[PDB]
Amino acid sequence: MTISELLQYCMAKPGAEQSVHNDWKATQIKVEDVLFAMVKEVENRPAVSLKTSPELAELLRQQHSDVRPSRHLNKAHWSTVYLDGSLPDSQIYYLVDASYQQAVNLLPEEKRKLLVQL
């Protein structure tokens, strides 16, 4: 699937802004200072790195190889999913909201109250 639409869909999540790191244009999707997922194309192939997530870490225990959770940034504290392009959109959308849900839970009272209005 195309990351072009996926990225725009990430902007449809209330509270998420794009923080671009001007090196290889790694784009961090986060709120005020809570980073849950960041997208970075390596090998010219789409790849997103999520923060420590239950199902994402579970994927590494239960399933192996193929997508290859690798240590380009941090393999145990982060998880890098090679989106590649040949990966189905069905799974990707779920992963986005998975990390997004976590971010909201990790936000204090003040922060959460705001997102509820949006």
# chains A, B, ... in the order shown; residues from 1 in each chain; ligands from 1

$ closest_atom_pairs --of "segment 26-102 of chain A" --to "segment 7-10 of chain A" --cutoff "9 Å" --atoms "only C-alpha atoms" --output "Markdown table"
| residue | atom | partner | partner_atom | distance |
| --- | --- | --- | --- | --- |
| A:29 | CA | A:10 | CA | 8.0 |
| A:39 | CA | A:7 | CA | 8.9 |
| A:93 | CA | A:9 | CA | 8.8 |
| A:96 | CA | A:10 | CA | 7.6 |
| A:97 | CA | A:10 | CA | 8.9 |

$ residues_around --residues "residue 31 of chain A" --least-positions-apart "3" --cutoff "6 Å" --atoms "only C-alpha atoms" --output "JSON, numbers by chain"
{"A": [15, 16, 34]}

$ select_by_dssp --residues "segment 15-114 of chain A" --states "helix (DSSP H, G or I)" --output "ChimeraX atom specification"
/A:54-62,89-105,109-114

$ write_last_selection --atoms "N, CA and C atoms" --output "compact mmCIF listing (two decimals), in the first residue's frame"
# COMPACT_ATOMS: atom_id res chain seq x y z
N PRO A 54 3.00 -4.04 23.38
CA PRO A 54 2.69 -5.44 23.69
C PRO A 54 2.66 -6.33 22.45
N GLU A 55 1.72 -6.06 21.54
CA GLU A 55 1.54 -6.90 20.36
C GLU A 55 2.75 -6.85 19.43
N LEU A 56 3.40 -5.70 19.36
CA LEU A 56 4.58 -5.55 18.51
C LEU A 56 5.72 -6.42 19.02
N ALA A 57 5.89 -6.45 20.33
CA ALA A 57 6.90 -7.31 20.94
C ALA A 57 6.48 -8.77 20.85
N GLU A 58 5.18 -9.01 20.97
CA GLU A 58 4.62 -10.35 20.85
C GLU A 58 4.90 -10.95 19.49
N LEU A 59 4.76 -10.12 18.47
CA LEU A 59 5.04 -10.51 17.09
C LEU A 59 6.44 -11.11 16.98
N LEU A 60 7.39 -10.56 17.73
CA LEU A 60 8.78 -11.03 17.70
C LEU A 60 8.92 -12.40 18.37
N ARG A 61 8.13 -12.64 19.40
CA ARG A 61 8.18 -13.92 20.11
C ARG A 61 7.49 -15.02 19.30
N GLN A 62 6.29 -14.73 18.84
CA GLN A 62 5.47 -15.72 18.16
C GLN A 62 5.93 -15.96 16.72
N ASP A 89 -2.36 -3.14 3.72
CA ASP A 89 -2.82 -1.97 4.45
C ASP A 89 -3.62 -2.38 5.68
N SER A 90 -4.29 -3.53 5.59
CA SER A 90 -5.14 -4.04 6.65
C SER A 90 -4.41 -4.07 7.99
N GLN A 91 -3.20 -4.62 7.98
CA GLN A 91 -2.40 -4.76 9.19
C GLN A 91 -1.85 -3.40 9.64
N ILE A 92 -1.42 -2.60 8.67
CA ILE A 92 -0.76 -1.33 8.95
C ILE A 92 -1.67 -0.37 9.70
N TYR A 93 -2.93 -0.25 9.27
CA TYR A 93 -3.88 0.66 9.92
C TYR A 93 -4.05 0.30 11.39
N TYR A 94 -4.11 -0.99 11.67
CA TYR A 94 -4.31 -1.47 13.03
C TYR A 94 -3.10 -1.13 13.90
N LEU A 95 -1.91 -1.23 13.32
CA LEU A 95 -0.68 -0.94 14.04
C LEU A 95 -0.60 0.53 14.43
N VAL A 96 -1.06 1.40 13.53
CA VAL A 96 -1.04 2.83 13.78
C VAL A 96 -1.89 3.18 15.00
N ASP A 97 -3.13 2.72 15.01
CA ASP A 97 -4.04 3.00 16.12
C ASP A 97 -3.58 2.32 17.40
N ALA A 98 -2.89 1.19 17.26
CA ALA A 98 -2.35 0.48 18.41
C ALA A 98 -1.39 1.36 19.19
N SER A 99 -0.44 1.96 18.47
CA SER A 99 0.53 2.86 19.09
C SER A 99 -0.13 4.18 19.50
N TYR A 100 -1.10 4.62 18.70
CA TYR A 100 -1.83 5.86 18.98
C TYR A 100 -2.62 5.74 20.28
N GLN A 101 -3.26 4.60 20.48
CA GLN A 101 -4.02 4.34 21.70
C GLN A 101 -3.09 4.44 22.91
N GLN A 102 -1.91 3.84 22.79
CA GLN A 102 -0.92 3.85 23.86
C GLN A 102 -0.54 5.28 24.24
N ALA A 103 -0.32 6.11 23.24
CA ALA A 103 0.08 7.50 23.46
C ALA A 103 -0.93 8.23 24.32
N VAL A 104 -2.21 8.04 24.01
CA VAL A 104 -3.28 8.68 24.76
C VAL A 104 -3.28 8.21 26.22
N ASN A 105 -3.01 6.93 26.42
CA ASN A 105 -2.98 6.36 27.77
C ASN A 105 -1.79 6.90 28.56
N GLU A 109 -3.61 13.85 32.83
CA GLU A 109 -5.00 14.29 32.83
C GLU A 109 -5.19 15.50 31.91
N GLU A 110 -4.35 16.51 32.11
CA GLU A 110 -4.37 17.74 31.33
C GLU A 110 -4.43 17.46 29.83
N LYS A 111 -3.53 16.59 29.39
CA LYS A 111 -3.37 16.31 27.97
C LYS A 111 -4.57 15.55 27.41
N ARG A 112 -4.99 14.52 28.13
CA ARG A 112 -6.10 13.69 27.71
C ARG A 112 -7.39 14.50 27.56
N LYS A 113 -7.64 15.41 28.50
CA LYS A 113 -8.84 16.23 28.49
C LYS A 113 -8.97 17.01 27.18
N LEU A 114 -7.83 17.42 26.63
CA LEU A 114 -7.80 18.19 25.41
C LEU A 114 -8.20 17.33 24.20

$ residues_around --residues "residue 25 of chain A" --least-positions-apart "3" --cutoff "9 Å" --atoms "only C-alpha atoms" --output "list in words"
residues 20, 21, 22, 40 and 41 of chain A

$ write_last_selection --atoms "N, CA, C and O atoms" --output "PDB file, in the first residue's frame"
ATOM      1  N   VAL A  20       9.941  16.359  11.742  1.00  0.00           N
ATOM      2  CA  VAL A  20      10.913  15.833  10.798  1.00  0.00           C
ATOM      3  C   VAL A  20      12.337  16.090  11.280  1.00  0.00           C
ATOM      4  O   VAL A  20      12.712  17.220  11.594  1.00  0.00           O
ATOM      5  N   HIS A  21      13.116  15.025  11.367  1.00  0.00           N
ATOM      6  CA  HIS A  21      14.513  15.140  11.739  1.00  0.00           C
ATOM      7  C   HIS A  21      15.347  15.293  10.476  1.00  0.00           C
ATOM      8  O   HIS A  21      15.456  14.354   9.680  1.00  0.00           O
ATOM      9  N   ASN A  22      15.920  16.474  10.282  1.00  0.00           N
ATOM     10  CA  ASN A  22      16.596  16.797   9.028  1.00  0.00           C
ATOM     11  C   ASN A  22      17.979  16.155   8.949  1.00  0.00           C
ATOM     12  O   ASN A  22      18.998  16.796   9.209  1.00  0.00           O
ATOM     13  N   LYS A  40      10.487   6.136   8.778  1.00  0.00           N
ATOM     14  CA  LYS A  40      11.770   6.421   8.146  1.00  0.00           C
ATOM     15  C   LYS A  40      12.021   5.418   7.032  1.00  0.00           C
ATOM     16  O   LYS A  40      12.112   4.217   7.294  1.00  0.00           O
ATOM     17  N   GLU A  41      12.165   5.902   5.817  1.00  0.00           N
ATOM     18  CA  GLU A  41      12.397   5.025   4.675  1.00  0.00           C
ATOM     19  C   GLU A  41      13.871   4.660   4.554  1.00  0.00           C
ATOM     20  O   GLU A  41      14.723   5.513   4.306  1.00  0.00           O
TER      21      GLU A  41
END

$ atom_distance --atom1 "atom CA of residue 79 of chain A" --atom2 "atom CA of residue 37 of chain A"
9.1 Å

$ residues_around --residues "residue 75 of chain A" --least-positions-apart "4" --cutoff "12 Å" --atoms "only C-alpha atoms" --output "list in words"
residues 49, 50, 51, 52, 53, 56, 57, 60, 68, 69, 70, 71, 79, 80 and 81 of chain A

$ closest_residue --among "A:2, A:17, A:46, A:32" --to "residue 108 of chain A" --atoms "only C-alpha atoms"
A:32

$ closest_residue --among "A:30, A:64, A:38, A:1" --to "residue 14 of chain A" --atoms "only C-alpha atoms"
A:30

$ select_by_dssp --residues "chain A" --states "strand (DSSP E or B)" --output "PyMOL selection string"
chain A and resi 17-21+26-30+35-39+42+45+47-51+78-82
